[PDB]
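J.: Protein chains in written order, with the entry's author numbering: chain C, 2 to 224, 231 to 403; chain D, 1 to 224, 231 to 293, 297 to 403; chain B, -13 to -8, 1 to 720. Where is the CB? At the ideal position from N, CA and C, for every residue including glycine. After the structure tokens below, expect a handful of questions from me.
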Amino acid sequence: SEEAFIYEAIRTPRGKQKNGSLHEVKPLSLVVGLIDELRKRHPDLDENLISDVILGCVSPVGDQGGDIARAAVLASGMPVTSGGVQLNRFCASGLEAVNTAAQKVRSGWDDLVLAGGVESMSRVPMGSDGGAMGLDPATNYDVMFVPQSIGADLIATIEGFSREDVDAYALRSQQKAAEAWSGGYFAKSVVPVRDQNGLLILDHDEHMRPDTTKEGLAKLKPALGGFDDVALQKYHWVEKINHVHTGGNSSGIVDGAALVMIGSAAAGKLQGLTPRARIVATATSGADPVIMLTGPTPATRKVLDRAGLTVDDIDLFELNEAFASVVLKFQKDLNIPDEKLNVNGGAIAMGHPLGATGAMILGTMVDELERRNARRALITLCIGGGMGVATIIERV
Amino acid sequence: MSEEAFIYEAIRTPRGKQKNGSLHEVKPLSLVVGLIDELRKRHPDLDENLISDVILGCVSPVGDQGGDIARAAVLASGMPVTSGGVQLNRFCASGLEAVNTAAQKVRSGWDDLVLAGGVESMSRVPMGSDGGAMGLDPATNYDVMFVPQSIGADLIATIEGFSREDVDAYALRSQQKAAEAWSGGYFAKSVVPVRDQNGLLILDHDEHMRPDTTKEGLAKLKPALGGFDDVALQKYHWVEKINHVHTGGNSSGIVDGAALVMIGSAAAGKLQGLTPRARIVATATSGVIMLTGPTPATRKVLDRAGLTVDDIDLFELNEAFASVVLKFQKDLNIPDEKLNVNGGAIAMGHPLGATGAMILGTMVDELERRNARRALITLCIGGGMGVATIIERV
Amino acid sequence: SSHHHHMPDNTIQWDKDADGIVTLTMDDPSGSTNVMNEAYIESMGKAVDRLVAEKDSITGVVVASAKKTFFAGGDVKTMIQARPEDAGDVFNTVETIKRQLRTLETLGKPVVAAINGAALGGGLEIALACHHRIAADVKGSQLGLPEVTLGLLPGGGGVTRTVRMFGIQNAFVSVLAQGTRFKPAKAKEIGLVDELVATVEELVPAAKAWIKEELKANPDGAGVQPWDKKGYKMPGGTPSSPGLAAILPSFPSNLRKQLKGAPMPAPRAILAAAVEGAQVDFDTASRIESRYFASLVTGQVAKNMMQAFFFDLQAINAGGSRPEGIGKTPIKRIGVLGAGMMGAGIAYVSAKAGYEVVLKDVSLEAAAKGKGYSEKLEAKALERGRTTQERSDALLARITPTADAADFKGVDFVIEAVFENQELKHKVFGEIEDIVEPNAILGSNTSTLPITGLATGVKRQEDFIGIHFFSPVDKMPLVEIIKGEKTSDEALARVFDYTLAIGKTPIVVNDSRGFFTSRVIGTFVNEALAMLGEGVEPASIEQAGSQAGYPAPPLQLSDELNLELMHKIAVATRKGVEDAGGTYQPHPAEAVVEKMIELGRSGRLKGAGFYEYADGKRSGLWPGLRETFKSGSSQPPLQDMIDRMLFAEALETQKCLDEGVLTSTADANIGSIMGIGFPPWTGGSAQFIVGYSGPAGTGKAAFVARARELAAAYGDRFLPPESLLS
Ligand SMILES: O=S(=O)(O)c1cccnc1
Ligand SMILES: O=S(=O)(O)c1cccnc1
Ligand SMILES: O=S(=O)(O)c1cccnc1
Ligand SMILES: O=S(=O)(O)c1cccnc1
Ligand SMILES: O=S(=O)(O)c1cccnc1
């Protein structure tokens, strides 16, 4: 019944892994800083109307353990009634938090919800939380666990994506991320990180290499034994995996956080909030878990049928650039026009902070829909274990 | 706010005790897989491709419980790879928040059939194993005056005036009702025995229960780090001394367990041939002393469903601490014959991430055994949170 | 809980001396070897009960044996009968065994194992329960946990204790995963044994001496294992340790890479029990190990491997196919005709046993190249420390290369290994038959040509026989003895005894075209080439062979066999039925071989076949292969490709068992396993029939059903024979 609207969508800059500016910043501080920015934009916002804070986090241990969403509610002085819940659906945790916030508003049992994600990979590396699919030999031996890297190389092999093909996309991502920054596209959405004294720590995406060349990408070397033979035991018609993915055509390991304010139409009226976009539909699906990175394609199909739309009804497509082959396969499968796909760059140039990425690229499309005065955008991410989440937003 | 969400199945494992427990050798992933196989056994023709998500609550998602335990369950059990899988943590009410999130996914129309529940093997992954953003940041821990749940419960008993014999009287009541519920066969079809890879029995009862508890034995127990008592009284400055009345015999037990709930739309139930057992009427979320969160969450869920206390037939509040239940009973004048009628966590245990779904399935069964209409389930939470849910028998 | 389970003679002798040291002397009076049977369990239960009752007058314990071996193996005759409904009994039995060893391990006083001989499986598990292990360095003594070779796991604490001693990785790779056997010197090198003695008479004295010093020097830690002390640190860390958890997810994938995806559950269960046990206390780890053991014993693969590698392999060594009523006959000089890869390996394994070998070829340069095969095998043996400089000289000195037929004087055992051709074999035998001893065995290493025909080229046909080796001879354990129509029983027993002398396993085959190994391996390769002609992807065919459990994929093997030789076998098979007025149905693989020969890709020897070979090294499949056979036009389920290769060999074994080519299922199972590489998890090409398991069921009836299903889809060659019906 109730329609979920996006009122605010902000994010931190993405600090790089080695000698990154955000390494000295606890992941809790990254979220609190975004909360304070929302207050600056709406000083008379009745925070008592906020019923939940939903944060995606893939490695909820150490600095990110103990329900970091509740920690942000308490540390930022929000009312103790604002809840706080952490969730983990691997790469699409940030987008699942936004969709869960939207589905909470649609059910009529929640009126105004904050959602997003946070990941400080330089302080909490991925895999720090352990896991059963890797550290239980009985179930690991059965499900044939294979890292996302080999699965991405397997996709390039089957589809015929050469080393030059994936590197060509990686260059395109660098060029479009540079044009977006130099063009001021991110001026209002990227909230610079500062210390307790107000000193600047980071105000831009450190991982970007705007002077990338195809010759430089071709010099990079491609990314524990056994995983290569295990993948071919299932995909038995393939003789050899062509390893095309490097650090230059795969997503970057960065730190960052993102926040989205979602509420009903009546909630926006009571608080003087102008809606920016509307959540049209959300969907979840998946494909094989040995190759993975293939769940978003049927999730995109599922979210289109549910909203009664087709590819030609969508103005912008945003797929997380975990690996270049996954995006190129997604483009071939649905015949996505090149000028509609990741128009402001992606995680290859700017980084992939796991639990926050989904909310970041979601906020990116909200801004690009307004800047272009376009109508609809589709946001989707590939997921480990073979999952996929998709969302359609409509400009308001 | 259109599609109605129904409960089709609600099962749980027995709860194994912390010291020399039968479930210590069982990985928490296997506790969930065992419940999934039980659902298959009860519906051998269920098209699992209709299941769109598996939502598991887990407070310590590290070690054997890390890496999205819900996705591990989907893959390990052989469920369709399109069934998703997500872990969430909202402290004690994670199991109920997973059920509520599953119900809200069905109401939005964007999901048809969802598995929901929780898992916590506390004898393998103890509470606090995941660390915490508050404990690892003294600047935040200093400003946000942090006091453990144990002391806030003692503070509630001090302010409300609950004596050591008052809280121990409730602990005796819980042990007696839990033993009566087991002897009467109330849990025969909802507690699924845990077995090994050969079919041998591992556990089939809540081995934390002490059905021979006496008032004298509870009085001999001793009450459960420095600073936290002074930090609490810095906030509640009108209180002189905190009366420590909570022991291990009137507090929730540390146990291992899991629970699964199948939630779906009316169309999904008809399509798969499933009988709806109850209907999700409403959910709500609101809330240094902690544990005072479920009182506004209960009023909010009653106000949201257009009901009062007199409309509810059964009240189920998690027995984290005896004083928390006694305050809840006093704040809302809950009749004694309606409050935790089959015992609670003091007798059977509190497996954190799974408790919310366990006590929900307990009320689905007791509503049908009594042929009653409505029930209310709520859990207190650390940090000051609270979740409540109203179900109606179909 | 008791030390007893639920009549048998006592196994353990009790002896307490004046110092208070109790000596438990294991001596089962119902056999020459101490075995972990129901008599032992009851005996050790009474002994352990007595140690507890008399604890106040006991200062130490010495576990000893009165046999030539210390303690070897368990009760296979009982384990092979355990049904899935018996999982509770099997669990209780191994729990009672480990409850006895745990009590002995925690008596508060030192326990020393005096290992006088072989301590294998349950025998080593008893010694591992002791606080100190002393081994006598004698000939033939071995130590290890070879339970995995029977499809089992060390369920008497072997997994739990070796992991506590060496860590997860070292225990799995070096001890558990493959059941490696160690000589006493190597056992101490890796920590499996603490000290050595020169003879068995020093053991019990040294055991009591160690107890006396341990009580005096280490009074607080006496009788306390390292994993029972506070502050115990597992070597390599626990799964929660950050260093081990970095590589731990790669352990199952590395295991799946080594096993090539073959369906053998025992290594998987050992790895799971090892890791799961390292996450909990010792007792809980021990109970987890029990459940994984009961999982394997009640399974079918363990029954297959117990049948093949215990019962069948014993019956063969006991002279099952050896003619009864024939005495021993010595061998003094062996003469090998031909210095190829086969003839050189035959000369090596014969001289390594201790025989004097005369290696004849047509030129001295060729015979010298044959001995160079032995010299290069001794060079690799010295560089890795597996032999001495003196034994290598005595080995090579027994090999006398030559090029003259006169050097075959005094030879009483001839083994011909020339090129596969009847006229060439008739020629080289007539030259030397009058120069060898009048009772000399005239053997032939032919693989397909019938023996009865080759025996006509000599006068002493009663001593002509087929002695079929397998390349490489130095590493292949089977010898296929083919009995011609004129071959006597004495010649059969003499070749039988020779096979055991060189350390190889024999099978006896009646004369026929292709014998048994060459004929059955023909159906396996033919099925792969048939699938290639049908349009199945070559990579899928190779995957099906590896995942079925074969040591080498079938297309790769086809190149090592040469398609030119493969075509000649088919032409001889057709001519062997056409010249009898019979009917011959060509295999679909024949058309594939002919087209590859036409294309000049006849195998590895040519330099090109189904694979590409650059500098004598295989380097990927031939890219033109997919366009030649329309690869991809047929995509059957992988299990169909696997079953087609397994069932073809199983059905051919049944034929040549009904035709009388084979005389026992033991020869069929061990012959298929050790001869041509039939997957060991099946238990052999004959055991595969009685142990098949699929969606239909388990047993001979399930095999017949699946075979009829394959026949309806892929051809009447999969129709089950009459002998398999009721
Ligand atoms: O490795 S193969 O040569 O089998 C292959 C398979 C599929 C697509 N390109 C190449
Ligand atoms: O005496 S105290 O200040 O601890 C107290 C006692 C009962 C209720 N409120 C406060
Ligand atoms: O049963 S055991 O695995 O101990 C064994 C012992 C001796 C030879 N084969 C197997
Ligand atoms: O994983 S290992 O490389 O130790 C292994 C295991 C079983 C057989 N061969 C090798
Ligand atoms: O199944 S048979 O081996 O009889 C066969 C079938 C088709 C072509 N040649 C032979």
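Under 8 Å, Cβ to Cβ, is there at least one residue of chain D near C/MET394?
T.: Numbered from 1 along the first sequence, position 387 holds the residue referred to as residue 394 of chain C. Judged by the 8 Å Cβ criterion, C/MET394 is in contact with chain D.
J.: According to DSSP, is D/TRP244 helix, strand or coil?
T.: In the second sequence, counting from the first residue as 1, residue 244 of chain D sits at position 238. Coil at D/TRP244, not helix or strand.
J.: Between which two residues does the alpha helix (DSSP H) carrying B/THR278 extend?
T.: Sequence index remark: in the third sequence, residue 278 of chain B carries index 284 (1-based). 276 to 291 is the extent of the alpha helix (DSSP H) around B/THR278.
J.: Looking only at C-alpha atoms, which of B/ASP131, B/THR100, B/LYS133 sits nearest to B/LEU122?
T.: Numbered from its first residue, the third sequence carries residue 122 of chain B at position 128. It is B/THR100.
J.: Would you say the stretch 397 to 412 of chain B touches the stretch 431 to 448 of chain B, given that touching needs at least three Cβ pairs under 8 Å?
T.: yes
J.: Under 8 Å, do B/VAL194 and B/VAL105 count as touching if we go by C-beta distance?
T.: Mapped onto the third sequence, residue 194 of chain B falls at position 200. Mapped onto the third sequence, residue 105 of chain B falls at position 111. No, the Cβ-Cβ distance between B/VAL194 and B/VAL105 is not below 8 Å.
J.: If you draw a straight line from the alpha carbon of D/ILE400 to that of C/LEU29, how long is it in whole angstroms?
T.: Here residue 400 of chain D is taken as the residue at index 391 of the second sequence, counted from 1. Here residue 29 of chain C is taken as the residue at index 28 of the first sequence, counted from 1. If you take the alpha carbons of D/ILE400 and C/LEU29, they lie about 36 Å apart.
J.: Excluding the five sequence neighbours on either side, which residues of its own chain have a C-beta within less than 6 Å of the C-beta of C/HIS205, listed in chain order?
T.: On the first sequence, residue 205 of chain C is found 204 positions in, with the first residue counted as 1. Here the set comprises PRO14.
J.: Report all residues from its chain with a CB closer than 6 Å to the CB of D/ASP45; omit the five preceding and five following residues, and keep chain order.
T.: The residue you call residue 45 of chain D lines up with position 45 of the second sequence. Answer for D/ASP45: no residue qualifies.
J.: Taking any Cβ of chain D, which residues in the stretch 90 to 106 of chain C have a Cβ under 7 Å from it, in chain order?
T.: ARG90, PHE91, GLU97, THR101, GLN104, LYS105
J.: Taking CB distances under 8 Å as the criterion, tell me whether D/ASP64 reaches chain C.
T.: Here residue 64 of chain D is taken as the residue at index 64 of the second sequence, counted from 1. Chain C contact via Cβ: present.
J.: Note down, in chain order, every chain D residue with its Cβ under 9 Å from the Cβ of B/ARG44.
T.: By 1-based counting over the third sequence, the position of residue 44 of chain B is 50. Result: empty, since nearest Cβ-Cβ is about 28 Å, beyond 9 Å.
J.: Indicate whether the contact test is met: 3 or more Cβ pairs, each with one atom in the stretch 191 to 210 of chain D and one in the stretch 7 to 21 of chain D, closer than 8 Å.
T.: yes
J.: Mark C/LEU136 as exposed unless 16 or more other C-beta atoms lie within 10 angstroms of its C-beta, in which case mark it buried.
T.: To locate residue 136 of chain C, count along the first sequence from 1; it is residue 135. The residue is buried, with at least 16 neighbouring Cβ atoms inside 10 Å.
J.: If you follow the alpha helix (DSSP H) that D/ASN141 is part of, which residue opens it and which one closes it?
T.: Locating residue 141 of chain D in the second sequence gives position 141, counting from the first residue. Here the alpha helix (DSSP H) through D/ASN141 covers 138 to 143.
J.: For ligand 1, which residues have a Cβ under 6 Å from at least one heavy atom, in chain order?
T.: C/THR158, C/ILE159, C/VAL245, C/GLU246, C/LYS247, B/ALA533
J.: Taking only heavy atoms of ligand 2 into account, decide whether any of them is closer than 7 Å to the Cβ of D/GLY161.
T.: Taking the second sequence and counting its residues from 1, the one referred to as residue 161 of chain D is at position 161. The answer is yes for D/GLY161.
J.: Grouping DSSP H, G and I as helix and E and B as strand, with all else coil, what is D/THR13?
T.: Within the second sequence, residue 13 of chain D is the residue found at index 13, counting from 1. D/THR13 carries a coil assignment under DSSP once its states are collapsed to helix, strand and coil.
J.: What is the DSSP secondary structure of B/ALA608, counted as helix, strand or coil?
T.: What you label residue 608 of chain B is simply residue 614 of the third sequence in a count that begins at 1. In this structure, B/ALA608 counts as strand in the three-state DSSP scheme.
J.: CB of B/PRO580 to nearest heavy atom of ligand 5: below 7 Å?
T.: Here residue 580 of chain B corresponds to residue number 586 of the third sequence, with the count starting at 1. Yes, Cβ of B/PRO580 sits closer than 7 Å to a heavy atom of ligand 5.
J.: In the DSSP assignment, find the alpha helix (DSSP H) that holds D/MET127 and state where it starts and stops.
T.: Here the question's residue 127 of chain D lines up with position 127 in the second sequence. Per DSSP, D/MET127 belongs to no alpha helix (DSSP H) and is neither H nor E.
J.: I'd like to know if C/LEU277 contacts chain B, where contact means its C-beta is closer than 8 Å to some C-beta of that chain.
T.: Counted from its first residue, the first sequence places residue 277 of chain C at position 270. Taking Cβ atoms only, chain B never reaches closer than 8 Å to C/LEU277, which makes this a no.
J.: Using a beta-carbon distance below 8 Å, is D/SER123 in contact with chain C?
T.: Position 123 of the second sequence, counted from the first residue, corresponds to residue 123 of chain D. So no, D/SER123 is outside the interface.
J.: Give, in chain order, every residue of the stretch 67 to 96 of chain B whose Cβ lies closer than 8 Å to some Cβ of chain D.
T.: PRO78, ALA81, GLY82, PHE85
J.: Using the three-state DSSP reduction, which class does C/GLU401 fall into: helix, strand or coil?
T.: Translated into positions along the first sequence, residue 401 of chain C becomes position 394. Here C/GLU401 sits in strand by DSSP.
J.: By the DSSP assignment, the alpha helix (DSSP H) with D/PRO303 in it spans what residues?
T.: Translated into positions along the second sequence, residue 303 of chain D becomes position 294. From DSSP, the alpha helix (DSSP H) with D/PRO303 extends over 303 to 313.
J.: If you draw a straight line from the C-alpha of C/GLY132 to the C-alpha of D/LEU39, how long is it?
T.: For this step, residue 132 of chain C is matched to residue 131 along the first sequence. For this step, residue 39 of chain D is matched to residue 39 along the second sequence. If you take the alpha carbons of C/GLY132 and D/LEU39, they lie about 24 Å apart.
J.: Return the CA-CA distance between B/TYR544 and B/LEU632, expressed in angstroms with no decimal places.
T.: Numbered from its first residue, the third sequence carries residue 544 of chain B at position 550. Numbered from its first residue, the third sequence carries residue 632 of chain B at position 638. About 15 Å.
J.: In chain order, what residues of the same chain have a beta carbon less than 7 Å from the beta carbon of B/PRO673, not counting five sequence neighbours either side?
T.: Translated into positions along the third sequence, residue 673 of chain B becomes position 679. Counting only Cβ-Cβ distances below 7 Å, and skipping sequence neighbours, we find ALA256, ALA542, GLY543, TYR544.
J.: Can you give the beta carbon distance from B/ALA538 to B/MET639, rounded, assuming they're within the 8 Å contact cut?
T.: The count along the third sequence starts at 1 and reaches residue 538 of chain B at position 544. The count along the third sequence starts at 1 and reaches residue 639 of chain B at position 645. Sure, about 7 Å apart at Cβ, within 8 Å.
J.: Since C/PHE324 and C/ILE343 should fall inside the 8 Å C-beta cutoff, what is the C-beta to C-beta distance between them, to a whole number of angstroms?
T.: The count along the first sequence starts at 1 and reaches residue 324 of chain C at position 317. The count along the first sequence starts at 1 and reaches residue 343 of chain C at position 336. At roughly 5 Å, the Cβ-Cβ gap stays under 8 Å, so C/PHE324 and C/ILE343 are in contact.
J.: Just to confirm, is the Cβ distance from B/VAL57 to B/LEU18 under 8 Å?
T.: Stepping through the third sequence from its first residue, residue 57 of chain B is reached at position 63. Stepping through the third sequence from its first residue, residue 18 of chain B is reached at position 24. Yes, they are a contact pair.
J.: Which residue spans inside the stretch 43 to 86 of chain D form an unbroken alpha helix (DSSP H) run of at least 4?
T.: 69 to 76
J.: If the cut is a Cβ gap below 9 Å, which residues of chain C does D/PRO126 touch?
T.: Residue mapping note: residue 126 of chain D aligns to position 126 of the second sequence, counting from 1. Neighbours of D/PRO126 on chain C: none; closest Cβ ~13 Å, over 9 Å.
J.: What is the DSSP secondary structure of B/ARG175, reduced to helix, strand or coil?
T.: Numbered from 1 along the third sequence, position 181 holds the residue referred to as residue 175 of chain B. It is a strand residue.
J.: Within 10 Å of its beta-carbon, does B/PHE413 have 16 or more other beta-carbons around it, so buried, or fewer, so exposed?
T.: Mapped onto the third sequence, residue 413 of chain B falls at position 419. It counts as exposed.
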